[PDB]
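A.B. asks: these chains are from a complex, not moved at all, and more is on the way:
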Amino acid sequence: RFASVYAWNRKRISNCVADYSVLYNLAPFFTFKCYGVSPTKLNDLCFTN
């Protein structure tokens, strides 16, 4: 289930290793553009939150 627009759900992620290749597997992700980072370089960066 996905909540309504005015009731967007906020989720916490902490202390785990992230692989973004599994995100790319699904076909209908035809809208995938990023501003602060290049989408193909997410596999060698670290974040804080």
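C.D. replies: Alright, I've got the coordinates. Numbering: from 1, shown residues only, chains lettered A, B, ... in the order given.
A.B. asks: count of neighbours near residue A:44?
C.D. replies: Using other C-beta atoms under 10 Å, residue A:44 is surrounded by 5 other residues. Every C-beta, even on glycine, is put in place using the N, C-alpha and C of the backbone.
A.B. asks: actually residue A:42, not the one I wrote
C.D. replies: Using other C-beta under 10 Å, the number of residues around residue A:42 comes to 15.
A.B. asks: Quick check: the closest residue to residue A:37 other than its chain neighbours vs residue A:1, distance?
C.D. replies: With C-beta to C-beta, 6 or more residues apart in numbering as the criterion, residue A:37 has its nearest non-adjacent residue at 6.9 Å, and that residue is residue A:45. The spacing between residue A:45 and residue A:1, counted by C-beta to C-beta, to the nearest Å, is 31 Å.
A.B. asks: Chain B comes next; put it on the structure above:
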Amino acid sequence: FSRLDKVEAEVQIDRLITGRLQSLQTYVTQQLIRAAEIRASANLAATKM
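C.D. replies: Let me put chain B in with the others:
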């Protein structure tokens, strides 16, 4: 070079190269003025001697 794609990083890298480069050009010009003023003083000093 660790966050942006090469297609767009050229624009970001270019606006910073010129700014740093232009700053050097100002410094050299200032030295020429100072050197010219000192050269006038040296000639006056030589005449005194």
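A.B. asks: again for the nearest residue to residue A:37, chain B present now?
C.D. replies: Leaving out its chain neighbours, the residue that sits closest to residue A:37 by C-beta to C-beta, 6 or more residues apart in numbering or on different chains is residue B:3, at 5.1 Å.
A.B. asks: May I have the phi/psi pair for the one you found?
C.D. replies: Backbone torsions of residue B:3, given as degrees, to the nearest 10, read phi -130, psi -20.
A.B. asks: wait, doesn't it sit right on residue A:35?
C.D. replies: No: between residue B:3 and residue A:35 there is no contact under C-beta atoms under 8 Å: 11.0 Å.
A.B. asks: These two - which one has more neighbours?
C.D. replies: Applying other C-beta atoms under 10 Å in any protein chain shown to residue B:3 and residue A:35 shows that residue B:3 carries more neighbours, namely 13 against 5.
A.B. asks: can you pull the contacts of that one?
C.D. replies: By C-beta atoms under 8 Å, 6 or more residues apart in numbering or on different chains, residue B:3 lies in contact with A:36-38, A:41, A:45.
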